[PDB]
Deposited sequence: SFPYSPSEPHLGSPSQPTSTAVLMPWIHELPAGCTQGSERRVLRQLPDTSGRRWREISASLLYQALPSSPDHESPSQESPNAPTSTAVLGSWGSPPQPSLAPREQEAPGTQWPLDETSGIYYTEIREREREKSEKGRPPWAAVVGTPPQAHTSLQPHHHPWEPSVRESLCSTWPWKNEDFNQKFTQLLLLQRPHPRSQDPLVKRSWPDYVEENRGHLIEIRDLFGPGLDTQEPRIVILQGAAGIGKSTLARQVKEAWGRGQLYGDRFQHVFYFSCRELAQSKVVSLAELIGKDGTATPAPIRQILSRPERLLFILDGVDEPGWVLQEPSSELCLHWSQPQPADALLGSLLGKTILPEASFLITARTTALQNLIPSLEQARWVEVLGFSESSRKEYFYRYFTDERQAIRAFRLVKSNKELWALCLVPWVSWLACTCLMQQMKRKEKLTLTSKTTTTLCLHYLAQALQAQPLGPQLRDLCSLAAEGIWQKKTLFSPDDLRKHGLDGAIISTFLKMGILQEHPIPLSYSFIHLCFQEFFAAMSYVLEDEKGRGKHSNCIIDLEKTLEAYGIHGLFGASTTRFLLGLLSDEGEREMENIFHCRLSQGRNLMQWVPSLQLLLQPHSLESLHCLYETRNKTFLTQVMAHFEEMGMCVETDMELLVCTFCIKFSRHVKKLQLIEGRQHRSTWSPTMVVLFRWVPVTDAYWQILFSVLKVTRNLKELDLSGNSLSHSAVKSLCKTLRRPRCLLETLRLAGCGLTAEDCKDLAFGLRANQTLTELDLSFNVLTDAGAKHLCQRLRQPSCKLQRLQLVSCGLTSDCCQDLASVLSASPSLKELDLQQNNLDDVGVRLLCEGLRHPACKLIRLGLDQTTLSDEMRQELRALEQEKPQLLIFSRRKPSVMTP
């Protein structure tokens, strides 16, 4: 009902095409600028003084690029958005206009008719005062091109909308006009005539606050919403995937359908396809009949093939459906009936895509075979079709349909096809491959991911990146940066995940839940990013996992606090694989160092290397540190540079180091501020300990 907030990007870079792959690494990070925006600035000045002419709204399927413009129009109607620049706004849908072939300017003005029909003459005499809304230029199979330009037709003269919208966008009729273009995929140069300059808005989903208000503002009773939110928060992957309004709405509908008569809330679903199957199973309560659903899937596939969503009644008969089947489908809710003369259609395009994905698997038993769905990795058809062939995917279909079906070989044969069609690895491909949550599959299809770095924008994208990069072999190093402080090398084992969008305390909350069943990606880097207490608690929970294999971890410059240091030390107790811990450029105190010193001196926690550069430690904690050196058998390298440790601390550390049981080899201590005798004592200590080396800046 109420318009939940959505994030919108304002990338100052034309996303028309990138034929020359990525080339230089800084170029790729430069292209993805971000620059989030509010709703009341979409048609604002921008960077320079040249206001944008055409605004493009990209995003995933169901991301919300069909309701944002409706909300804008409704807000203007009640007078809270752009009340001084647009005299009138016009609401059109390309899918609705695709049915008719005889349309003109006067006809579309009359059909829109948001207010009392005004004369056309004054409408057309104010060019820079009108707004045009479209609900997807990719839904119909239009071309949107003007015929030979150089002339404009009079209003009320019949003309196909294919050339009429093209003329409108071609600076021919109403030249200085603002267009709210919404699209699903990029590369609109063929579809938009001489687009050139355009504002490229990337529509995101629901953030933590927006998800909070949406889940709160869905039910009537507060307790129902509270339990729903608690369960959704418990299932972390659902929290990651509920960014898309479609996913959140489907989850809420499933929760309401469960809670309707008498059920306990149970959601083991961790992906969109499994949630869709669970919803279908809820709708298909008993009903042993199976061919009817197969026929519905077949008609959905046939309709999506010939760019059709509004199914004519005669198309139902040729596919086997009858009156009773349609009545049952309306009763359950897969189909909806509009106040329109006899016709039928699904309640959303995404469900049509989902049902077009099941007909192929029900009739079959490479990209050329995906001609009917098209959009390699750029269509959710491929996502659902791939996810339906997984072990979890091929687990719920076997209850609706009594056929046994293929056992994993229908996905094994897809492996060479995808492996041949995944040389240009991309993010959408990562979603498609993550939809197949299989160890057997994601080991030869992704063991070619020899990238250098890429952009991570959303929570589900971060989860997908972690899951897919984990299921490979070449990667050893995983690094996350804030992007402005971009400092990384070009090692083949380096993957650079940069963000230029400020996030709430869920970026690491969902990342730490993916390090389960970790592969050879042992080394983890997140230095530079600012964390919080809850994030550190989640990280120590991750460290506590028995099957976690984190070998070397660094937390440099994260603005850590002393309180979280105790949690880190406690998390280290249930671990036997971590060997290196980095806390350089971190804000700790003497009590914070005491918590680490308590755990380090234990015979367990084989931490070979530890760095404490610029931790602000004083001589107070050198007693505990000396006890660690005199007790721990596993510390090999310890760093204590950039610390105002004075003479007493150095003497205390020398008392600890002189113990024969010390296993340290190389230590970093400042000596510029030390007294004259202190260097003599250190020199004698190094002389009596040849395996001891002390290093400094240079």
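*Asks:* What are the missing stretches of the deposited sequence, listed from start to end?
*Replies:* Residues missing from the model, as numbered along the full deposited sequence, span 1-181, 547-560, 894-900.
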